[PDB]
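1. below you'll find the sequence and an experimental structure to go with it.
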Amino acid sequence: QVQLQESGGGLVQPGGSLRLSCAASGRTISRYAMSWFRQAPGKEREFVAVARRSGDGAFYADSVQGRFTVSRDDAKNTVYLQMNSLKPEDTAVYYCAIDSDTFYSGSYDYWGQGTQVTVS
Amino acid sequence: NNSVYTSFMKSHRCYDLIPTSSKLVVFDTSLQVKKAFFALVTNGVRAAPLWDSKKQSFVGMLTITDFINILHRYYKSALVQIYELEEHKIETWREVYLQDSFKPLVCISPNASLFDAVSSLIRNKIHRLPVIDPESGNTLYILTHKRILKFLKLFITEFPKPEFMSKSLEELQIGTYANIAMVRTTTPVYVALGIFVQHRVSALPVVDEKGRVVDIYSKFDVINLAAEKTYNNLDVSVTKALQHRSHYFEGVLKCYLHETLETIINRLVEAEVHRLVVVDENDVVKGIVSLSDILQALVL
Amino acid sequence: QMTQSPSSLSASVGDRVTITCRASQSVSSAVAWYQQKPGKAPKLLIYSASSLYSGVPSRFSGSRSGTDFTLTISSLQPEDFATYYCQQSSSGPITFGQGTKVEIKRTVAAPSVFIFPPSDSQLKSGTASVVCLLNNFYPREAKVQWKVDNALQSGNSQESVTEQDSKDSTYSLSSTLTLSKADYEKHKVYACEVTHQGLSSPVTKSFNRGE
Amino acid sequence: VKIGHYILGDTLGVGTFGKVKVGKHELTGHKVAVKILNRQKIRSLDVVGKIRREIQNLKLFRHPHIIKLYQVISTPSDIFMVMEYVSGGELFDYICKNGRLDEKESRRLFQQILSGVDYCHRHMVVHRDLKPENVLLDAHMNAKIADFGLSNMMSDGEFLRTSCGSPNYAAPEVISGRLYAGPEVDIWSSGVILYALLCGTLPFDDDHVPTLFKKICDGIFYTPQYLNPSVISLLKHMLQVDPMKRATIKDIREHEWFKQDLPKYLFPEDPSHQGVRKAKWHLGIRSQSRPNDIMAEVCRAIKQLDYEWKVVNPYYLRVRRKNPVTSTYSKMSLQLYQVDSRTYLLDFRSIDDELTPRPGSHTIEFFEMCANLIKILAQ
Amino acid sequence: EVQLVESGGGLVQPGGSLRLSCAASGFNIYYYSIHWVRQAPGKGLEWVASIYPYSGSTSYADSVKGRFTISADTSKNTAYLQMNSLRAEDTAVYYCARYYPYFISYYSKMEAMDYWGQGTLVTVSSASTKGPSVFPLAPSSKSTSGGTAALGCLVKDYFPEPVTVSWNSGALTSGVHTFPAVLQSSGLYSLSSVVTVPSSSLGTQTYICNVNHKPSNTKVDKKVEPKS
Amino acid sequence: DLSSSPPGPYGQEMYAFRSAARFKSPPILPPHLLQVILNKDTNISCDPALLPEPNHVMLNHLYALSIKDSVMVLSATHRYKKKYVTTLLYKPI
Amino acid sequence: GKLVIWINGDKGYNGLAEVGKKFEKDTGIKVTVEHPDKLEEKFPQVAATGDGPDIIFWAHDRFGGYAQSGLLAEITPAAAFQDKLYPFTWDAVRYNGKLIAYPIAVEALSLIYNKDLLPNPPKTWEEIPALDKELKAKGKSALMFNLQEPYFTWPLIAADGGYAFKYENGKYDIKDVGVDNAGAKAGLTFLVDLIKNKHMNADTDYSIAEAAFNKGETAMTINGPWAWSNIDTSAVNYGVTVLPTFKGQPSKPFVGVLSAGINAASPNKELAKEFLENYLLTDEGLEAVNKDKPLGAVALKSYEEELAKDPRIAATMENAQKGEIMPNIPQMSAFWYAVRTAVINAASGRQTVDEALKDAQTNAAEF
Ligand SMILES: Nc1ncnc2c1ncn2[C@@H]1O[C@H](COP(=O)(O)OP(=O)(O)OP(=O)(O)O)[C@@H](O)[C@H]1O
Ligand SMILES: Nc1ncnc2c1ncn2[C@@H]1O[C@H](COP(=O)(O)OP(=O)(O)O)[C@@H](O)[C@H]1O
Ligand SMILES: Nc1ncnc2c1ncn2[C@@H]1O[C@H](COP(=O)(O)O)[C@@H](O)[C@H]1O
Ligand SMILES: OC[C@H]1O[C@H](O[C@H]2[C@H](O)[C@@H](O)[C@@H](O)O[C@@H]2CO)[C@H](O)[C@@H](O)[C@@H]1O
């Protein structure tokens, strides 16, 4: 059994800054990768950012390449998302995900829990 | 005077001078000079009567003095490897070294008297001469002054012992006192080799800046440098060359000028050494008494 | 007699990357680094893993930490996008590295999935192969699976990814699932399902036979 | 001016950057040649591990025609290296002194220079800046290559400056813009050294420097009638401006002029109180063969040495030899023993001379009756 | 001016002995050790052979020990890699490279490979030369709203490698994606070539793939047609 | 040899043939020589020039050693009227 | 087009960074402060190649050997700027009559002691083993200082008559060296006997002795004014007094003058001269460095008039007046590592006093 927990996010002002966190336990985390997804109301599920195992690659989407910053930690088993220059139109539920691919850099995506980041 | 020892050495033959068992080395003259002194390290003996197979005769003697002469002549630098000790042979080196002095092998029959043995040791300035039986032709044993005093002291037990033994050492004028060879404790090995080649001395008692004896440097001590393969590094001081035996010896066998000769002989033959230094209460060097002068006084 | 193992990564223009090379046995400082452009000859960069070969400028730098040889590329120009090879040379046999490729950083784009039905021209010939297409995705890592007739069949699929575009830096994958004419009687629907790093829900395209 | 136990005398010269001085050992009276290397000029990295690599690499290249290096002493200001000293001066000064040399001496210097470059190529090092001013003579008129590692660091740093300073010594590849010279500069430099040893002058000499570069790029040179045409084919095969046709060490070693007077040591293999250690001595000769054949082997050994022997038993042999210089004769007796069924032992025994006062020695001639036998038996 | 021109490459039968050369021009082959490498398509470099003429000593990898007799000719400055008893796995492009083993500096024993050749491509396959069989890939009628329609042509079961594809819309191409060839289990080759076009051009704009295969002299055209 | 009393008084190099009818094995060495093949005794407490007393049977026999270099070690522990000598001889190969 | 400053790691480089920020605030040209290891060795090898730092901060003893290689630029000070500084500070930076550097501060060694472990400082070197006999029973030690560098061991050698070069009339005699006299032999004999009789450790260097004094492990130390910040940080009740006398004679330390040298290969000579003369050798510039790590007696008389109230700096000036100024000849560059090698060989027991001082005498001026 795997568990997942998000934190952060809420009624924040647009254009400011906000941090998100996501963490899991009970299993090895250095050999697996974490990712962030977005699901806008009236739109399908979309991608935000991903972080590799040991810092090989930090990748983003076309709309969030120069605005969001993803990071991860190996000691507290958490990841971090430094959101800068937020927009009023990017209000959506933000998801965290678990890559179940072992010894390969591919991904099989499943979302445990999502929090509601609603900007003003 | 010396009439009790002269008749003793004329009556007792050299046949009694040979020990019960005796290891004896001889060297072929066409052998390389590097492995000969390593063989003298391996067997421990200090002398070897040379044999020339091309002439079928005892041609000479190779000893520690020849080791000093070759490491004084064919030694260039500590950094430079000593190629000459590898490439030269005994036949090659003796034709260079004996160019000016042609000295054949002197010996004595074992049936002859000890008086002629002492008179051939002292006159020829030779420490170690072998014996050759003239009926067969073979060599038996290499006589030493130390072995002669060990043979004497076992037989000095009669009543007329103090003819001149009760007299002091200074009044008898036994030992060289005028020209004394000394080295400091910071002097390298090579200047001691140069003094051993310039003079005909057999030991160098080291002194400090004041003149106090702390150790002694002898020709026997040189062969351990060849034993531990430090014969190529002759620029170290004599203290590092005497740290080979620092866990073994006691001190320096010093004596005084106001001491009787028989006590000096009894301390000499008990500790199986070759010479003593004379000192004072301030422990400065006044000379060296050796066996070649004690037996010179006895042989007269 | 030994093996080598470099890393694998991808970064942007001007970024400072590093490539380790864990030697198996104990070797000296005799490890080189070869830059090979695709379809070209491998250019030499740093010969003894610490000092620069004459030619190529001082951007490439190497450090040695025991048996962990490094290759550091400071100020990555837009001409130094090629495959880099570790190379052990101190022992008798010479063993190359596995070879690291350096890809330009790009925003993740969702893969475009379009299924291709087999035409009637290859049906009469007996050899008909179905293929699914991935367009303009990023990065190179993707996983296609052929759950044909709700059954994951493996062994006949053969992926073929191409190089990145010069102006778009986009990939394109092609997995050809080969079958025969007699294999279609045990066939109703075919489904090429793909799980991309940026694809949130795996999407599969299924076309019914005989339309 | 004092390193180890060496004081330093008057500086000999300063050729490029190194300050060469004569060193003198006050104890032993030996002349060494130190070389000062200023770190300001040609040193970029100051890590002591490079000095450790120098100490490990440079010392172990021992050759009888290479100037051996003894130690590399470090210094915050400089680098000192104690090379060996020779009082015969440079080869170029000898050429300027004596002019044209005889062919039998030029080949004697050329074989030693080529066997000093072949030792470097066997030990994976090249001498890019090779010239008659960097090969010295000893007292015994030999040839000594001064340096091998010193050029390699310099040539990489300033190849253009080295080419500008001397175009003729510099390789056609270096003036053509090739990156690294390799061993192809070595044979061409030994060829211009051979032309200096055969004609005295330099083959590539001009006043205007780019015309001298054009003369380097041209594969033509002057040839008088003073030298035989058997060596001019070797010079044309050795001084090619293109390294595809340039001569190798094998291409000189198969040449006819090079093989005329060749010492064997130049090329190693052509087809390819007291403490005493106890010693374990043996008894006789332990041969694991048939007993009827070991006696025939002993017979074959002692028949060659011209001995006079008789037998008593089939394995008891009393031999007797007459000495050439000594009038008397020496006798001994061989005997075979069975220590086991596999091996058989050959035992020697001497006998004493009863009546004759023989000269020489008894037991040493007994060992002379055995040391000639052990070598022939070899068992 | 150093160029390493390889020769003797091409296509061979498995179980046949090949001898490819390397004309070392610009340096001397007797000093430097000519090394051959193996570059499988998609994989990395792999060392195979070595010969050092100065000492007369060779070297060999563990996978090719005693089966690929390397030879060097110092008179013509060539290096002969006489391969024998080759397997099906030994299918690669073979680069030629000189090797500098000398002390370039006092502290660095350089042991790298300076100058590399262009490399000739040897292909081992039990199948003979067979012409291609192009078959069109049909664009599906159903599609998402505001989505481009992918169109491509499938080139299956051909040999040898180089097939150049062209279209009939224009000489200049846009949205092209030419895939690398994959070696299937039957020994032959496969090839796909898709072009992304807008979906509104299905009824008006037509495309014809032009398959050009030079070592088989097969120039076949295939009109792709949107058909259910 | 005048002292010898052989069956054949020849003393000639020609008369040495392996064609003898006897196939008799040689006799065995005495067990005391089993010491001298394996162990030689040197007294460290006494002088190194001095040796312990050898046996009466090990007198004229050779004593070889492994050739670590170009020397040839060979010796014999000869006997005088009452005294014992031990003549090591070192010769180049 | 900027200024690069190299100063030793035990100096106040952050005050130099603050002065560089005050320079960049007023002209826009940034200053980069670096502290490379062994910079007296790293400086001339890069200065010969025409690159590296534009300005170097070091004592004047290396500047003569820098000047003979053409590595230092000729300076042109005004008469008022010469009037602002002490005349002997200008005399210390003279090379063949020419001025080559701007003086910064005068550094001199002093005896630094712990007032809690030792309320009364000793006036005699010979009673320091007598004090250490008491202090080793308490778990402390009498004196620990850097033995790897000869600058700290020089006063105990030179107290009884040792000297580097004979100075008679404006010239140092390269053949009259007094490191092989009886006083230097007695000093090095006492220095070896401190180690032999287990009063000091031969492996003690600057870092270990500094960590011992900041932790209170030693009762006394010999160090410069730059360590006073680390002494204040460790809250040790410290005192600074005159170095003790040896055989009735006072110690003779080297008097060190920190100076500012300008690279001749630098195009930024005018900006560097304006920077130094307008910012560094003023009342505001020196106190920024002094707050980081104290330099000692400065050459600026106006700041020294307020600075001289400290009795520590007064004792430093007293040791400087009873000391000896360093020579500025290029033979000092050969002198320093020769005396360093002699001290290392004498302390480790590899060589005797006589052999080490004979090697130091022979390698005194030349090497
Ligand atoms: N007067 C002396 N005082 C202290 N030690 C001595 C004295 N004489 C000799 N020795 C020590 O005895 C050792 C050997 O003695 P020496 O050098 O006299 O040769 P030796 O024993 O006489 O040789 P041999 O026994 O063959 O005659 C030397 O290591 C030396 O240190
Ligand atoms: N019995 C001898 N006959 C001839 N010469 C001898 C004899 N013994 C020694 N010599 C020679 O005298 C020289 C000096 O030897 P010496 O110093 O007396 O020996 P040791 O070193 O054992 O004291 C030696 O070089 C040696 O060749
Ligand atoms: N080191 C020495 N200095 C001066 N004379 C010596 C020395 N060693 C021995 N002699 C003298 O040399 C003579 C012979 O002694 P020896 O050399 O021991 O055979 C005697 O007169 C000794 O006193
Ligand atoms: O003898 C070593 C070293 O001492 C001096 O340098 C000292 C200087 O006194 C201090 O001001 C500070 O800079 O520390 C330096 C090194 O510890 C000499 O100036 C120098 O030449 C010598 O090498």
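-> That came through fine. Residues are numbered from 1 along each chain as shown, chains lettered A, B, ... in the order given. Ligands and ions are numbered 1, 2, ... in the order given.
2. what is the neighbour count of whichever residue of the stretch 251-367 of chain G sits closest to ligand 1?
-> Taking C-beta to the nearest ligand atom, ligand 1 has its nearest neighbour within the stretch 251-367 of chain G at residue G:352, 21.6 Å off. Backbone N, C-alpha and C define where each C-beta goes, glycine included. Neighbouring residues of residue G:352 were enumerated by other C-beta atoms under 10 Å in any protein chain shown; the total is 18.
3. ok, now which ones touch the closest residue to it other than its chain neighbours?
-> Once its chain neighbours are removed from consideration, residue G:352 has its nearest residue in residue B:186; the separation is 5.7 Å (C-beta to C-beta, 6 or more residues apart in numbering or on different chains). Under the criterion of C-beta atoms under 8 Å, 6 or more residues apart in numbering or on different chains, the contact list for residue B:186 reads B:237, B:239, G:352, G:354-355.
4. contact residues of chain B facing chain G?
-> Residues of chain B lying close to chain G (C-beta under 8 Å from any C-beta of the partner chain) are B:186, B:237.
5. can you show me the helices along chain B?
-> Using DSSP state H, the helices assigned to chain B run over residues B:3-11, B:33-43, B:64-73, B:83-87, B:90-97, B:114-123, B:145-153, B:169-172, B:189-198, B:223-227, B:238-242, B:261-270, B:291-299.
6. for chain E, find the nearest of these.
-> Distances from chain E to each of the helices of chain B were compared by C-beta to the nearest C-beta, and the smallest falls on helix B:83-87, at 26.8 Å.
7. for the closest one, packing partners?
-> Secondary-structure packing of helix B:83-87 (3 or more C-beta pairs under 8 Å, 6 or more residues apart in numbering or on different chains; DSSP states H and E): helix B:33-43, helix B:64-73.
8. the first one to helix B:90-97, inter-axis angle?
-> In this case it means helix B:33-43. Taking axes from the mean of the first three to the mean of the last three C-alpha atoms, to 10 degrees, one finds that helix B:33-43 is oriented at 110 degrees with respect to helix B:90-97.
9. the closest residue in space to residue D:291 that isn't next to it in sequence pairs with what?
-> On the basis of C-beta to C-beta, 6+ apart, the spatially nearest residue to residue D:291 that is not a chain neighbour turns out to be residue D:344, at 5.6 Å. Counting by DSSP bridges, residue D:344 forms beta bridges with residue D:287, residue D:338.
10. surely residue D:344 meets residue F:26?
-> Yes: between residue D:344 and residue F:26 there is a contact at 6.6 Å, judged by C-beta atoms under 8 Å.
11. that older thread, could I get the helices of chain B as CSV with distance to residue C:167 and mean neighbour count?
-> Compiled in CSV, the helices of chain B are given as follows (distance: least, C-beta to C-beta, whole Å; neighbours: other C-beta atoms under 10 Å in any protein chain shown):
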stretch, distance to residue C:167, mean neighbour count
helix B:3-11, 117, 15
helix B:33-43, 79, 21
helix B:64-73, 82, 20
helix B:83-87, 73, 14
helix B:90-97, 85, 16
helix B:114-123, 107, 18
helix B:145-153, 102, 18
helix B:169-172, 111, 15
helix B:189-198, 81, 18
helix B:223-227, 80, 18
helix B:238-242, 77, 18
helix B:261-270, 105, 16
helix B:291-299, 105, 19
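12. looking at those helices, which is nearest to ligand 3?
-> Counting by C-beta to the nearest ligand atom, ligand 3 lies closest to helix B:291-299 out of the helices of chain B; the figure is 3.7 Å.
13. give me the helices and strands touching the closest one, please.
-> helix B:3-11, helix B:114-123, helix B:145-153.
14. switch the cut-off to 7 Å
-> Helices and strands touching helix B:291-299, as assessed by 3 or more C-beta pairs under 7 Å, 6 or more residues apart in numbering or on different chains; DSSP states H and E, comprise helix B:114-123, helix B:145-153.
15. in JSON lines: the ones you listed, plus distance to chain D.
-> Converted to JSON lines, the helices and strands packed on helix B:291-299 look like this (distance: least, C-beta to the nearest C-beta, whole Å):
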{"stretch": "helix B:114-123", "distance to chain D": "19"}
{"stretch": "helix B:145-153", "distance to chain D": "13"}
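16. the residue nearest to residue D:291 reaches residue D:336, doesn't it?
-> Yes: counting by C-beta atoms under 7 Å, residue D:344 touches residue D:336, with 5.8 Å between them.
17. who touches both of the two?
-> Taking C-beta atoms under 7 Å, 6 or more residues apart in numbering or on different chains as the contact rule, the neighbours common to residue D:344 and residue D:336 are D:291, D:294, F:26.
18. name the SS class of the second one, please.
-> What that stands for is residue D:294. Three states are possible here, and by DSSP: H, G, I helix; E, B strand; the rest coil the one that applies to residue D:294 is helix.
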